[PDB]
Amino acid sequence: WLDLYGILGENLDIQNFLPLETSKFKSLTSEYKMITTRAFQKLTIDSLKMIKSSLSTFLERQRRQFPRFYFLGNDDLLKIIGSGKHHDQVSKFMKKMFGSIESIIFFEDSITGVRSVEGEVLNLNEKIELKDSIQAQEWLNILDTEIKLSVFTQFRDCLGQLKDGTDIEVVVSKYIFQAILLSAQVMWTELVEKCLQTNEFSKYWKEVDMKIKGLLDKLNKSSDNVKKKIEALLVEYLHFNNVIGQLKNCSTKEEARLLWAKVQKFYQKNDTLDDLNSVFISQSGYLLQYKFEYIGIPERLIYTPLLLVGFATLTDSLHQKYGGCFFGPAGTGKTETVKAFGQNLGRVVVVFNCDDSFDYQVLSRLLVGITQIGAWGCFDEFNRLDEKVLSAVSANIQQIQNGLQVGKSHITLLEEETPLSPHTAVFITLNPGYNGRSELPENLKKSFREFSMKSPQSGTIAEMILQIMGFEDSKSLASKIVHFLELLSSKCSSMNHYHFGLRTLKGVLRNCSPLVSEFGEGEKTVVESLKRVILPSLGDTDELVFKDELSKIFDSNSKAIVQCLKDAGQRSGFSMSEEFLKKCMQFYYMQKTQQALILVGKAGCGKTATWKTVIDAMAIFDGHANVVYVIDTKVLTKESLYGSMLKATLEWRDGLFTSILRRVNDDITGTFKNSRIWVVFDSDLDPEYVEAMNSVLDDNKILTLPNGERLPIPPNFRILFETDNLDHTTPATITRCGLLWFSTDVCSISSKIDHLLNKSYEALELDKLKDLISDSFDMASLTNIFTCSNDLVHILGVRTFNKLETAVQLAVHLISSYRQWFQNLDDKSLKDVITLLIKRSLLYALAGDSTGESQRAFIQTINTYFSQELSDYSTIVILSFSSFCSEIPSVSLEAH
Amino acid sequence: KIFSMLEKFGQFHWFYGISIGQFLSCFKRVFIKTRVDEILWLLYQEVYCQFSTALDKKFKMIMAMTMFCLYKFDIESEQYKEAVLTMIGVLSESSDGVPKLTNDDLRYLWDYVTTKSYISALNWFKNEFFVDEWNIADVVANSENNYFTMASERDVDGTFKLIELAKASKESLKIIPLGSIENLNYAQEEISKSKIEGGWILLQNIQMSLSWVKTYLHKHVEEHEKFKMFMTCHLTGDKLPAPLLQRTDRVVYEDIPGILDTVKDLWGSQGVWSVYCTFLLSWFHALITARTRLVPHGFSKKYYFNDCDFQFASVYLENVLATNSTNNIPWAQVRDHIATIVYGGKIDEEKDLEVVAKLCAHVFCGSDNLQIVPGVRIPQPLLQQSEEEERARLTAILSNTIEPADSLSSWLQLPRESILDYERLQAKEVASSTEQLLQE
Ligand SMILES: Nc1ncnc2c1ncn2[C@@H]1O[C@H](COP(=O)(O)OP(=O)(O)OP(=O)(O)O)[C@@H](O)[C@H]1O
Ligand SMILES: Nc1ncnc2c1ncn2[C@@H]1O[C@H](COP(=O)(O)OP(=O)(O)O)[C@@H](O)[C@H]1O
Ligand SMILES: [Mg+2]
């Protein structure tokens, strides 16, 4: 009702657009006011949902007014339009609309600036005056323009200050990262062109090396914002030094010119009166325009040669307004390359995770959303789309390309004429050669320019990243890391889930980032990170291979967490053996940095027993409450898991995972701020179900819904995968998640027996009965009985480890049932009775799924390995042991 | 006999079916366009020129050889038939034996097959008997029917050929790809509007809306002079209805087998330095597309170089020649960009990147005396010519080129034995199919 009153019930001259909807809204408002008055002194929700249908065209026109509303849900659109005086509602959707802005800084009914996701503060040139008369779209448009102008102004100020002759180390403390980055790039390309006019490169190379050393020294004593900015400028300056050193080592002038032409150059027009079109970016003879959209301080990428060639081919495709296309195996730098190209072009690339649910209407609506905005659209995993949709949207994509190339003002898609911004572009990052993925038609493939990135450059990435972290020996350490990864990939068992590519190296570096405080930036840190990342995903012999090669190539307390685990297991009745504690160590260490985890082993090996007790112990250790949403993936349908588009009225219905993500994002009651959220997928890892979460699981950490909604993944929102086999899983969903392989059962046979026992007793004198039952149990003969049970023929083959449950529940239930007659007999008779009951329970739990002759053999062997003897027809009546022949009643059936 | 052969072809592949109405329309065209032999010869020429476009390259060669065999066996004597059959058998590796010497073309075929030039031996029948060929434009311009179906394998599309044909015919194409109900409704409305008003219409990927194709398209083709319809399907896709296919003209679009033919096609599809760079790019594209089909030896996989790569490389060449007006053309930059960005983006294996880099170094070496092929040399343009003069000079030096019989090895700079194996296998397949076809 607040949203309805905001859109229609409060604003004037807004009820004259839809008079029938105006009358319906007035009637609903009167009914709600009457209900509220009655309460203060079902049907309403149904009426509201009925009048939502007439609001769809109004919402579509509102999205047409401000094109960035296409990335918002209908409820979010209602909230943002309705809140016309509070003005703090709009700041919540800044990340959904822009991507790099988390909120808006407000000061006395005015807009001072915006704040980036990482915490960077950008101050606007002119404070926007906000009044109750104005509504969202106008001041949002002028805020977008003001942000672009502020970015340009800070760029110009930083560039002028650097041209004055001052060093960058004093300028990085003044302006935003984007301004420093672009001004430094312009200065670098100007100075390199000046040096290339001559034939001297050593002087500028030495100057750049001194700048890099000064930045590295300044990084050690700066704040977190300044540290991130210095790290990103250090990435850019290392790229500068690499290019200058490559130019210096060049033999002749022509090859130096070719090398300079192959790399991005950041020029600036000195005669254009338009401020935002004053900077153009050059590579391979082509020119692209800087947009001056806010970027913030993103995780900058290392400038590998593959990255530069990908930038060159993206520029080659975009020069003719064609689409950019990246293909290759998983974890090779396609989506991140596109995002880095966008960041270098001064705009946030909007990434879409394609899926089977994206039909022609959904994909075309996303296309009209991104063409009206002018944003750069990346369609991640374009193969996952159905082939029919791929053929259908080819016309729309070709129309977008033709309109961009011919400068058409409007393009007609989805039976409507909408404006086409000239700043838009389309990118696709597909993964050919994978099962469960369709093949793009050639008429669609000719609309994109495809580039292959099968093999990245892990050595350069590792070297530059380790150098930025502050490592004294970086080249040798990076070479050792890459060589160790290669030997681990080559000299291990060739089973499908062993991938040692770029993603695991990035995970090793990210895990080596935070323990340098107490291990030190050396070799112990990197070997510990390598262990913590790779060892959980290795088997039994491959673990020994890991140890051997680690000792070959690399020469070189956690008491509280162990205590917390032990306390949690004691509360849960588990036994802390070496294997269980090792698995819990591995899970805790690999969940400390990796947010998505897969647990793989045999059925009943102890995956749930591991993650439950680790979660409990972390709740003890950190004091944070834990919420767990265990979802069986394949029980539900994909439309029932993520959501479905109702074709009756083109409205969105949430799934289960989407509902949980929206509930944790909304934070209505404020109890999810300081809690860890676990979503466990306890089913088979279907590529169709799971690969729809590709953008969720990687560094994007976003859920791209069909209706354009972009739900972020909070840092405390973690996803667990529980399964047995990775036979059908693709490497795309394997590399993204830290994998914890269960080589064997984490529990001994007797420890599992004891856990089932005391769990049954807790589910229920009693201590005497428990002690007598345990004394009846004899592990020395129990192990031999279990070993001899393996020789029997079993239908529906169940491991003997899994059959202890049925035996324990049968024994405990029999004792509880017969406890009524357990106070009028001697200790020996009681022991014999309990022994017979446990023997029949073991019989019908171990050999109960076998033939009668096998059951006779098993009762014979359980008699020889045990005590009251139990026969094939032994029984207890009401408490004397007898047989079946005295229990049969006389039956004389009638004729009918 | 020809109708039985075409029925056998339609038995082999669903797209190759033949209707009696189409054959009788061809027979009528024979008269629309020693006498009885002349009508028979014109019948053979017309049936080849019309129903060759509906077959791919191997079936083209098979049908050309079997029509040549039929005509020449009926006309000539039994010794000629025995000689031709022995040459086919030694091409099929079934009956190894020298032919009995008599005429003149017989020794030409014998020289082609003894020098292990299997491609020339296969195309000798086409070069000797038939003296005309049809492309998509000829099929459209010589058809009373207004409905057309074009088929090609996956990872190749002939939509750009139809767009070029519509541009040359001053018509309008409404490209409506199929696969969704909105596209189907738009196609229905556009079909009605184009029937009433005029204009062409192309449906793309019709094998993907098979229910709509089986009902609406079947009923519509079952029942304006400037209205034409085109539909694209895949040869490896799901089977299309026979009644719909038999009522439409069928075309198989496939890349030109020749090297010099591809150069001439790309040259005719288009200051002096721009023309020179276009000539060099066309030669490079033809050479790389010729080397592409050699799966294990020329490259490491099967690649697909199409008109988009040619367009992008030509645009890059024009931009380089536009921003470098000091006549110091960065030939190394052009080589690196064409080998790495334009034509190298699809290349996934590093050794194939090396061979395409070698090809670019050979083609775009930037030398005054460039020898792109062992026979033809391309001198650099002077500074006192014109664009038309350069166009004419390059066309003239293209016309004097004669492609040899061993051009799949010498022109591509490849070992001879791999070409021997490839040509031998292809000729064995073609001749075995023709032998299995002729005896019945
Ligand atoms: N450390 C332990 N101490 C005692 N019992 C244990 C321990 N670990 C596992 N178990 C026993 O193992 C049984 C099966 O383990 P768990 O419930 O973790 O299976 P799971 O990994 O979820 O298997 P599945 O994939 O078949 O569902 C539990 O019921 C429990 O009794
Ligand atoms: N210079 C770089 N190039 C590519 N990836 C990099 C680079 N530096 C770091 N990375 C990391 O490597 C990972 C590669 O992921 P990526 O291959 O882009 O995903 P996708 O498989 O969807 O293309 C990213 O998470 C990124 O953080
Ligand atoms: Mg991706």
# chains A, B, ... in the order shown; residues from 1 in each chain; ligands from 1
$ residues_near_ligand --ligand "ligand 1" --cutoff "8 Å" --atoms "only C-alpha atoms and all ligand atoms" --output "PyMOL selection string"
chain A and resi 569+573-577+580+601-610+682+722-724+745-748+751-756+802+805
$ select_by_dssp --residues "segment 375-575 of chain A" --states "strand (DSSP E or B)" --output "VMD selection string"
chain A and resid 376 to 380 410 to 412 417 to 419 425 to 430 448 to 452
$ residues_near_ligand --ligand "ligand 3" --cutoff "7 Å" --atoms "only C-alpha atoms and all ligand atoms" --output "MDAnalysis selection string"
chainID A and resid 334:335 380:381 429:430
$ residues_around --residues "segment 765-780 of chain A" --least-positions-apart "5" --cutoff "12 Å" --atoms "only C-alpha atoms" --output "ChimeraX atom specification"
/A:748-754,757-760,785-787,807-808,811-812,814-816,818-820,822-823,827-839,842,865-868
$ residues_around --residues "segment 30-35 of chain B" --least-positions-apart "2" --cutoff "12 Å" --atoms "only C-alpha atoms" --output "MDAnalysis selection string"
chainID B and resid 23:28 37:50 142
$ write_last_selection --atoms "N, CA and C atoms" --output "mmCIF file, in the first residue's frame"
data_model
loop_
_atom_site.group_PDB
_atom_site.id
_atom_site.type_symbol
_atom_site.label_atom_id
_atom_site.label_comp_id
_atom_site.auth_asym_id
_atom_site.auth_seq_id
_atom_site.Cartn_x
_atom_site.Cartn_y
_atom_site.Cartn_z
ATOM 1 N N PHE B 23 11.793 -32.622 -63.154
ATOM 2 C CA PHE B 23 12.485 -33.188 -64.308
ATOM 3 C C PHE B 23 11.775 -32.825 -65.607
ATOM 4 N N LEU B 24 10.441 -32.856 -65.605
ATOM 5 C CA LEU B 24 9.702 -32.486 -66.807
ATOM 6 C C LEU B 24 9.798 -30.991 -67.092
ATOM 7 N N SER B 25 9.879 -30.160 -66.050
ATOM 8 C CA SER B 25 10.124 -28.738 -66.261
ATOM 9 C C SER B 25 11.501 -28.507 -66.873
ATOM 10 N N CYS B 26 12.499 -29.278 -66.433
ATOM 11 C CA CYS B 26 13.817 -29.215 -67.062
ATOM 12 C C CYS B 26 13.748 -29.632 -68.527
ATOM 13 N N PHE B 27 12.993 -30.693 -68.821
ATOM 14 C CA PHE B 27 12.830 -31.137 -70.204
ATOM 15 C C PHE B 27 12.158 -30.067 -71.056
ATOM 16 N N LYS B 28 11.177 -29.362 -70.490
ATOM 17 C CA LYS B 28 10.563 -28.240 -71.196
ATOM 18 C C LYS B 28 11.569 -27.118 -71.427
ATOM 19 N N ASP B 37 20.274 -36.554 -81.190
ATOM 20 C CA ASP B 37 21.475 -36.471 -80.365
ATOM 21 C C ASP B 37 21.650 -35.072 -79.786
ATOM 22 N N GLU B 38 21.296 -34.036 -80.553
ATOM 23 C CA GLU B 38 21.408 -32.671 -80.040
ATOM 24 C C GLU B 38 20.417 -32.417 -78.907
ATOM 25 N N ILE B 39 19.171 -32.885 -79.049
ATOM 26 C CA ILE B 39 18.218 -32.754 -77.942
ATOM 27 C C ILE B 39 18.701 -33.529 -76.721
ATOM 28 N N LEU B 40 19.269 -34.720 -76.930
ATOM 29 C CA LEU B 40 19.773 -35.502 -75.802
ATOM 30 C C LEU B 40 20.924 -34.786 -75.098
ATOM 31 N N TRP B 41 21.838 -34.200 -75.874
ATOM 32 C CA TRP B 41 22.956 -33.457 -75.301
ATOM 33 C C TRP B 41 22.475 -32.234 -74.531
ATOM 34 N N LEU B 42 21.506 -31.502 -75.089
ATOM 35 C CA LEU B 42 20.954 -30.349 -74.383
ATOM 36 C C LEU B 42 20.235 -30.777 -73.111
ATOM 37 N N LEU B 43 19.547 -31.921 -73.155
ATOM 38 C CA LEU B 43 18.932 -32.470 -71.953
ATOM 39 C C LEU B 43 19.970 -32.748 -70.880
ATOM 40 N N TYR B 44 21.086 -33.377 -71.257
ATOM 41 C CA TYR B 44 22.139 -33.661 -70.286
ATOM 42 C C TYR B 44 22.697 -32.376 -69.689
ATOM 43 N N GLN B 45 22.969 -31.384 -70.541
ATOM 44 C CA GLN B 45 23.517 -30.124 -70.049
ATOM 45 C C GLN B 45 22.549 -29.441 -69.091
ATOM 46 N N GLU B 46 21.261 -29.408 -69.444
ATOM 47 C CA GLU B 46 20.278 -28.729 -68.607
ATOM 48 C C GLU B 46 20.061 -29.460 -67.288
ATOM 49 N N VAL B 47 19.974 -30.794 -67.319
ATOM 50 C CA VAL B 47 19.737 -31.526 -66.079
ATOM 51 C C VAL B 47 20.943 -31.401 -65.156
ATOM 52 N N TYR B 48 22.160 -31.412 -65.715
ATOM 53 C CA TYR B 48 23.339 -31.183 -64.886
ATOM 54 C C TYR B 48 23.308 -29.791 -64.274
ATOM 55 N N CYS B 49 23.118 -28.763 -65.108
ATOM 56 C CA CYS B 49 23.172 -27.389 -64.619
ATOM 57 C C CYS B 49 22.082 -27.102 -63.596
ATOM 58 N N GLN B 50 20.949 -27.798 -63.675
ATOM 59 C CA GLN B 50 19.881 -27.523 -62.724
ATOM 60 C C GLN B 50 20.015 -28.333 -61.438
ATOM 61 N N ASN B 142 16.562 -18.264 -63.081
ATOM 62 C CA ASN B 142 16.097 -19.229 -64.072
ATOM 63 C C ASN B 142 15.132 -20.225 -63.446
#
$ interface_residues --of "chain B" --to "chain A" --cutoff "8 Å" --atoms "only C-alpha atoms" --output "count of residues only"
32
$ residues_near_ligand --ligand "ligand 2" --cutoff "9 Å" --atoms "only C-alpha atoms and all ligand atoms" --output "PyMOL selection string"
chain A and resi 299-307+326-340+380-381+429-431+456-458+460-462+465+502-507+694-695+698-700+732+735-736
$ residues_around --residues "residue 514 of chain A" --least-positions-apart "5" --cutoff "10 Å" --atoms "only C-alpha atoms" --output "PDB file with N, CA and C atoms, in the first residue's frame"
ATOM      1  N   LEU A 509      47.015 -17.771  -4.480  1.00  0.00           N
ATOM      2  CA  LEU A 509      47.452 -16.410  -4.170  1.00  0.00           C
ATOM      3  C   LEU A 509      46.507 -15.725  -3.185  1.00  0.00           C
ATOM      4  N   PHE A 519      52.965 -15.907   9.171  1.00  0.00           N
ATOM      5  CA  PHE A 519      53.951 -16.766   8.526  1.00  0.00           C
ATOM      6  C   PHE A 519      55.034 -15.983   7.798  1.00  0.00           C
ATOM      7  N   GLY A 520      54.749 -14.759   7.383  1.00  0.00           N
ATOM      8  CA  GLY A 520      55.738 -13.945   6.693  1.00  0.00           C
ATOM      9  C   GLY A 520      55.693 -14.132   5.190  1.00  0.00           C
ATOM     10  N   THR A 525      54.812 -19.345   3.619  1.00  0.00           N
ATOM     11  CA  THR A 525      53.463 -18.877   3.319  1.00  0.00           C
ATOM     12  C   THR A 525      52.918 -19.532   2.055  1.00  0.00           C
ATOM     13  N   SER A 529      49.850 -22.157   1.709  1.00  0.00           N
ATOM     14  CA  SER A 529      48.697 -21.854   0.867  1.00  0.00           C
ATOM     15  C   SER A 529      48.457 -22.951  -0.162  1.00  0.00           C
ATOM     16  N   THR A 593      38.738 -18.806   2.931  1.00  0.00           N
ATOM     17  CA  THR A 593      38.932 -17.929   1.785  1.00  0.00           C
ATOM     18  C   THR A 593      38.033 -18.235   0.596  1.00  0.00           C
TER      19      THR A 593
END
$ residues_around --residues "segment 244-253 of chain B" --least-positions-apart "3" --cutoff "9 Å" --atoms "only C-alpha atoms" --output "ChimeraX atom specification"
/B:15-19,21-22,51-56,135-136,139-140,143,145-153,156-158,213-214,217-219,221-222,235,240-241
$ select_by_dssp --residues "segment 138-358 of chain A" --states "helix (DSSP H, G or I)" --output "MDAnalysis selection string"
chainID A and resid 138:163 168:171 177:197 202:219 224:248 253:261 305:319 335:344
$ atom_distance --atom1 "atom CA of residue 508 of chain A" --atom2 "atom CA of residue 478 of chain A"
11.5 Å
$ residues_around --residues "residue 270 of chain B" --least-positions-apart "4" --cutoff "10 Å" --atoms "only C-alpha atoms" --output "JSON, numbers by chain"
{"B": [265, 266, 275, 278, 279, 282]}
$ write_last_selection --atoms "C-alpha atoms" --output "PDB file, in the first residue's frame"
ATOM      1  CA  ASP B 265      35.328 -14.866 -57.012  1.00  0.00           C
ATOM      2  CA  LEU B 266      36.704 -12.664 -54.228  1.00  0.00           C
ATOM      3  CA  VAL B 275      43.578  -2.338 -54.628  1.00  0.00           C
ATOM      4  CA  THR B 278      42.741  -6.205 -51.557  1.00  0.00           C
ATOM      5  CA  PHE B 279      44.372  -8.461 -54.166  1.00  0.00           C
ATOM      6  CA  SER B 282      41.978 -12.235 -51.579  1.00  0.00           C
TER       7      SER B 282
END
$ closest_residue --among "B:374, B:99, B:381, B:271" --to "residue 410 of chain B" --atoms "only C-alpha atoms"
B:374
